[PDB]
Amino acid sequence: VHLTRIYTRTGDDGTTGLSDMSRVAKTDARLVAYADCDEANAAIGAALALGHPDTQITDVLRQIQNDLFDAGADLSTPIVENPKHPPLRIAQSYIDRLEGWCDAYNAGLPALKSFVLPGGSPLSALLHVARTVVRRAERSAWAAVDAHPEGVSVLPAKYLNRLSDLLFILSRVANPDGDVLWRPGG
Amino acid sequence: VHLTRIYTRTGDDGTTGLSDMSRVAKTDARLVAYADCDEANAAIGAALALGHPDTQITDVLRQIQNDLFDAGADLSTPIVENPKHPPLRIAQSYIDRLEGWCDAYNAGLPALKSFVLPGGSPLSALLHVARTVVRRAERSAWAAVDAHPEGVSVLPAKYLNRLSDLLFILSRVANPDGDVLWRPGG
Amino acid sequence: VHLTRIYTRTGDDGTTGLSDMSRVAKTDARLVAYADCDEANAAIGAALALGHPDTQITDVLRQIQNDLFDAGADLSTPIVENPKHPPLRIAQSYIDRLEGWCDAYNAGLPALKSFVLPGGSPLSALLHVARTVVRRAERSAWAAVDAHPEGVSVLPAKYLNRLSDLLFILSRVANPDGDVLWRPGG
Ligand SMILES: C[C@H]1O[C@@H](n2cnc3c(N)ncnc32)[C@H](O)[C@@H]1O
Ligand SMILES: C[C@H]1O[C@@H](n2cnc3c(N)ncnc32)[C@H](O)[C@@H]1O
Ligand SMILES: C[C@H]1O[C@@H](n2cnc3c(N)ncnc32)[C@H](O)[C@@H]1O
Ligand SMILES: [Mg+2]
Ligand SMILES: [Mg+2]
Ligand SMILES: [Mg+2]
Ligand SMILES: [Mg+2]
Ligand SMILES: [Mg+2]
Ligand SMILES: [Mg+2]
């Protein structure tokens, strides 16, 4: 894929193209899903640029930013029988990796008896922002499945499901002293 | 409530649970409402972590972050007749408090004859971001009322209504010199 | 227009006013469109306040923040035949200006053979966040056209279309060394 002039004016009527170049409305549920992946990817970039994460988190998050483009390519390309070219799809491989990162980073942390108030470190607060945006993207991914239960894979949404759980764990690690707990009705 | 393993895989089919553990689609309007409260809460955490607010704003905003979890507990728990346990609900008490903070912080500021361009301080700009996210959450809260006018309270949405007004006032105070005014068609 | 008490309680029933003071639901597609313009405007303010953009970008972005209020005034005011007062509307003039900024700032940059991972500079990462929020606003603007193809202009949405292309170019310029490229399935 190529990024040259950037502005082509081909979407000035409110329509645009999926990856097979078929035309959709810019409100199409599939587009909203991989659009929200774009927005989640930018939230992680904000966390990387203002958060000063250590080397090992920067490598995990950079892989996730790359996975999010894999996920968008998946969502933007309709599923067809025997495609001429084999499409890039999300695989259980991706989710297993996320679960391993969850278990590893969640090992050294204790249980919580209530919700944490987002904030603390610049890195911890921005991971929380990214966490909520990924969760919004997950909802859009599931809505895309509802709209096209054959043409859209469930694996992008399952990836986004596990990812927001990992981002939560990482947000706690970025507050190595501890985060403030919600006190109901306090 | 307990946060332990974090990832349970019970939502890998696009369904999830309200606080009474009844099952809903992850696109359910009630969930979208308290999801957007989560996103607004994270925006305030970004304002607290990168904004360096003074002591008195940090205490006001920390209370709001706690109120937002009260509001989410409200929205996530259907209203029923004579519940076995009494549920945590938002009350006029919450909104009266917000109005007092509005009046107090708006006392020392002058009138405006047009809109302000968001920006200035890191604290002022991030309060504006939080302001717009809270307003998005308010719209979702009202949509939840439309979907379930008996099972959902109007008070969460009324809290979110007044809250975005307070966040605007606080955004001006964080620009103690003044913000740039919109000039129509300038 | 005047900003005085801020909180009027007139929207505590989930209704609110367009610029002609006619009443709409707070979920009205037109309101969602200029609400999303507000959210995009705040994202640019975050980019201006934490990004330390040079003088020439700050002047371009400040003009865009002003255009976004022009665009919201357009979207919030229904189109009518022979209005008593002439309404502020977006014009091709606005979009031509954006295209000139695109061409000028895109001149000194090379082609790309794949997507860039958002991040890098605080300014570059926050421009990416703003880029994705503007794109979300564009989708809402097109949905407003669908709901009211006579009462809503297409020009706000076309402005938002070109604007996200410009924000992308500016995000690259704020990484004068280069951004990381997506590697499919890497
Ligand atoms: C932790 C709680 O958050 C809600 N929940 C589950 N999935 C999402 C999502 N993608 N976005 C927002 N809220 C969600 C459910 O109610 C769950 O039980
Ligand atoms: C200030 C103006 O903003 C619009 N307005 C009112 N409530 C909201 C909301 N929750 N989110 C976005 N825009 C809103 C109405 O048009 C109001 O008059
Ligand atoms: C670059 C690709 O992004 C998708 N696209 C086009 N317009 C938007 C928008 N406003 N918001 C999100 N995604 C969009 C289309 O698929 C286009 O081809
Ligand atoms: Mg383009
Ligand atoms: Mg989940
Ligand atoms: Mg989970
Ligand atoms: Mg209001
Ligand atoms: Mg108000
Ligand atoms: Mg476009």
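Residue numbers begin at 1 in each chain, while the letters A, B, ... track the order of the sequences. In each ligand, atom 1 is the first atom listed, and ligand 1 is the first ligand listed. Quick note: numbers below take in every heavy atom, side chains included, and nothing from hydrogens, waters or symmetry partners.
Residue contact annotation: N161(C) places an N/O/S atom under 2.8 Å from the Mg ion (ligand 9).
Using a 4.0 Å cut-off between charged nitrogen and carboxylate oxygen, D38(C) and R131(B) count as a salt-bridge pair. Between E39(C) and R135(B), no side-chain nitrogen of the basic residue sits less than 4.0 Å from a carboxylate oxygen of the acidic one, so the salt-bridge criterion is not met.
Applying the ring-ring contact (aromatic ring centres under 6.0 Å, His included) rule to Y34(B) yields no partners; only residues at least two apart in sequence or on another chain are considered. Remark: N66(B) engages no residue in a side chain to side chain donor-acceptor pair (under 3.5 Å) (not counting sequence neighbours).
Remark: side-chain polar atoms of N161(C) are not paired, donor with acceptor, to backbone N or O of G14(A) under 3.5 angstrom.
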Return a table of N or O atom pairs, ligand 3 on one side and protein on the other, at distances under 3.5 Å, rounded to 0.1 Å.
| from | atom 1 | to | atom 2 | distance (Å) |
| --- | --- | --- | --- | --- |
| ligand 3 | 3 (O) | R135(C) | NH2 | 3.0 |
| ligand 3 | 5 (N) | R135(C) | NH2 | 3.2 |
| ligand 3 | 10 (N) | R135(C) | O | 3.3 |
| ligand 3 | 10 (N) | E138(C) | OE1 | 2.8 |
| ligand 3 | 11 (N) | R139(C) | NH1 | 2.9 |
| ligand 3 | 13 (N) | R135(C) | NH2 | 3.3 |
| ligand 3 | 16 (O) | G17(A) | O | 2.7 |
| ligand 3 | 16 (O) | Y34(A) | OH | 2.9 |
| ligand 3 | 18 (O) | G17(A) | O | 3.3 |

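Sorted by first and then second residue, the salt bridge (charged side-chain N to carboxylate O under 4.0 Å, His left out) pairs involving residues 86-95 of chain A (not counting sequence neighbours) are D74(A)-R89(A).
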